[PDB]
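Have a look below at one chain only, the form deposited in one PDB entry, in structure tokens format.
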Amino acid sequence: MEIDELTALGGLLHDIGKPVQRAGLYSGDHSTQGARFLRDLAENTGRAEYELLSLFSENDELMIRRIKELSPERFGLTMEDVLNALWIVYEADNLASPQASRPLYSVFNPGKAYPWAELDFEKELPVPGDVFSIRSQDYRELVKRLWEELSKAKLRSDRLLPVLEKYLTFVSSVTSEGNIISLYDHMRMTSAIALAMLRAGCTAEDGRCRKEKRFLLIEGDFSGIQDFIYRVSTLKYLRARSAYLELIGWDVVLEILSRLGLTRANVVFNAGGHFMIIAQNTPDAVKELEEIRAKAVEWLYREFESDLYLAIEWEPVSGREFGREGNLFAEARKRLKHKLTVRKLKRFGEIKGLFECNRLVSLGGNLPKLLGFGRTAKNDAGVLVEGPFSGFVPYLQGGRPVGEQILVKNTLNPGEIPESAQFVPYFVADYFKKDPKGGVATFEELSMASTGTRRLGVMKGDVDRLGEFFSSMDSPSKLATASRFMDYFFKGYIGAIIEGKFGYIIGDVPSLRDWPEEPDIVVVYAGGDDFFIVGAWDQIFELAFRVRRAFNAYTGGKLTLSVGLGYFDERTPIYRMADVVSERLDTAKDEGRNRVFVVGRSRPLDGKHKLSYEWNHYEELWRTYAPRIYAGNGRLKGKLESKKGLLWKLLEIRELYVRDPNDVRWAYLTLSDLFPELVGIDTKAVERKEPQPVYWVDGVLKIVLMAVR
């Protein structure tokens, strides 16, 4: 071991005494009790390093002796350096900053809380509900499973983090009311900050590091993402373009970590093409950042012209700023967001000369049976694609992992990969309807699987007012929970929601047909609060309500989505579809938020008529009218067989309301017991200054007719 790895692991295991106290294993306080747990674990299986890491749970009289008794030579660590690690990690704890049973309360709704369970994208959707105590037993089970995993773990932050993430994701790092920070997040953020001070070189302090700008917030953001992904000459390809962006961002993030020396704990978040890293503020580091930023832009600029740009900035910050005095942290971010906007208004200003496919096809083609990718040098056999700093070698089930680092998909367990390979997990929403050939389904196939009309379904979606949510975060650990939970909804659970899971949570949603076992759906992109999904139009129409509902539950009903839906001719080019659903999406975000653009419509331009529907409006409307006229599975009700025009007549009547809302003919115009809601003249709506029921109905009728044709 060396000083750097020790100070990483030290901040990472500082507060591992917590889960042992709560299990009632050793009878000390969490400080005492955490020391004993690691030390007991060091004796089991003889890896003495854990006894060297047990000092983090605990006038410097006994302390110097107790470290002396452990041999610093055995691990080749200076005794003075070990004290620096202990005090450094001590401070990190404070910057990222009672009944045993309290659970973790949801960062989305501090009133509701999480039932103890481990992170698992198959088993169930995390839903904040009522506050239950967690039994002492459940912590015991935790602490044993934990102990067994730590036994076989390789003692490298990259092998530690994933076992801490599994087991400690849903535990309250402090057992107070309304505490919102996941323990795993506090631990990584303490490992993150502590390593930054060490790389910083500050030492012998007990505010030089704290009241002195010895840290670096680094925010990296891509611009031109959708211009890069869509706007192509095929879904297989379009999936590889999105897959290729994820690697490029990794290639940068890792290189940043590599050249500054840091660990993945310094990665606060990395989704939606947006990353943040806490780092050291040494002149060596800003130089390495400046060197890296220019090389990435040059390679990105050479590879895709002006299509995709990487804006990168960093603000010198101090330890004061990592917390609230009188909210600084948000303010430190806001000033960095500004540097970052300004840099997007200087695209490629790191190129002085600015003012003077087959690989992806194979990658898309070989997309199904791969477990990950190896981050090797560019000149290396088997490299399938290359990012700014590195080649990427597809890692298959049978094959051997190749590279300093290995990126493995959708798992926190390394599996059989080498001991010297740095393990880097990444999650992605990669559902896809498989074709008869093992390959992903085509726009044509997907459009064939629809009920009624043969249209391709597209939806683009976004979480509303996310910036304000992430700004309200007081501290690094809070920002870490907020972002990790958010990202895991899209990257972790949208697949589940597609398969048909979470029925009892989701409930009755608008739908045209019985939900299938192998749904005709293909995720293009989903992660970091945005998503793009295509499939059979009726299955896409329904998945929109399923995703909004799951998301409503996943949060405390405290966050909302905006979605735009499109139903296109299968021959329609990809880029046009993007443009129209994009237009439809930010129309829904523009007419308020928390609303869905169900289907294109005709309306009066009197500024009193929205194209969009508030979700609960459309949902209630469907619950009302669809059962009276629609029987399900692409079949109208029997009474309306040979009465299909009646529906077409209502659409034409609505038009006369669209001609002029003020003309009362649609009253003149109106079995009569069907649709009584539209016959009367609405008086409250006239007073409220709102549209007439008649205006709204087409959203249901046009969808039913589409399914019935």
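The term rigid core refers to the maximal set of C-alpha atoms that superpose within 1.5 Å between the two forms. Quick note: we count residues from 1 along the sequence shown, nothing fancier.
As for the form deposited in another entry, it is not shown, yet the points below apply to it.
To test your reading of the superposition: with the rigid core aligned, which of 414, 527, 510, 126 moves its Cα by 2 angstroms or more between this form and the one not shown?
With the rigid core superposed, the residue that stands out is 527.
Once the core is superposed between this form and the one not shown, does residue 663 show a C-alpha displacement of at least 2 Å? It does shift by 2 Å or more.
Thinking of the 3 angstroms or more shift, are the C-alphas of residue 612 and residue 528 brought closer or pushed farther apart in the other entry than in this view? Closer together, which means the C-alphas of residue 612 and residue 528 are at least 3 Å nearer in the other entry.
Which is it in the other entry for the CA atoms of residue 425 and residue 528, closer or farther than here, knowing they shift by 3 Å or more?
-> Compared with this form, residue 425 and residue 528 lie farther apart in the other entry.
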